[PDB]
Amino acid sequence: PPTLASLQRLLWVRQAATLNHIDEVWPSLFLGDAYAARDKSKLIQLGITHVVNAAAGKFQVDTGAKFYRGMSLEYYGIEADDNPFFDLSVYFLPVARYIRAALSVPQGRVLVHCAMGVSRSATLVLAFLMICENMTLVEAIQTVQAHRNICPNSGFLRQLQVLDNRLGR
């Protein structure tokens, strides 16, 4: 039963020197920022077929389905705030189902992006790994941080920590 303080240490302790705009943190599952989400060329190059925008809203990254009209990808917008009291857990299961289905397809290439692809987005991926990949919160973080510096809100961590106890049983 990892403590919150522990999880935080784990996150900061093993960080790489730099952070790219996007990284494949799991086979065909990418974590990225708003710069990558708006770069259509890049998305076409990586063959992205699905985009989960965890920072939707006209006051955040207002891309939306319209933005990808030409490309033939699936859009999933989530109006989430990145503060420790926002309830992101309510999207853990529906997003995990969404990722799973997308990755069950040969072409399937999923990009989960935040404004910085380090908190909201990362939290959804961790939830996906825990739920569909049978990983504990610890294993999930280890899996992802080996490919991208991530740092979910202390609140998101608390939520993931609660998910971990639920899945554990």
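Note that residue numbering follows the sequence shown and begins at 1.
**Student:** Quick check on the record: does 155-163 or 142-150 carry the larger mean Cα temperature factor?
**Tutor:** In the deposited entry, the stretch with the higher C-alpha B-factor mean is 142-150.
**Student:** Which is higher on average in the deposited entry, the C-alpha temperature factors of 56-64 or of 133-141?
**Tutor:** Going by the record's values, the stretch with the higher mean is 56-64.
**Student:** By the entry's C-alpha temperature factors, tell me which of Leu88, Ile78, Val95, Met71 sits highest.
**Tutor:** Max CA B-factor in the entry, restricted to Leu88, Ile78, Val95, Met71: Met71.
**Student:** Looking at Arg38, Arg100, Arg120, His50, which has the highest CA B-factor as recorded?
**Tutor:** If I rank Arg38, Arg100, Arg120, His50 by C-alpha B-factor, first place goes to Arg38.
**Student:** Quick one: classify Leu124 as lowest, middle or highest third of the chain based on its Cα B-factor.
**Tutor:** CA B-factor rank for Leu124: lowest third.
**Student:** Could you place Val105 in the lowest, middle or highest third of its chain by Cα temperature factor, using the values in the record?
**Tutor:** Middle third.
**Student:** Grab the CA temperature factor for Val112 from the record and place it in the lowest, middle or highest third of its chain.
**Tutor:** It falls in the bottom third of the chain.
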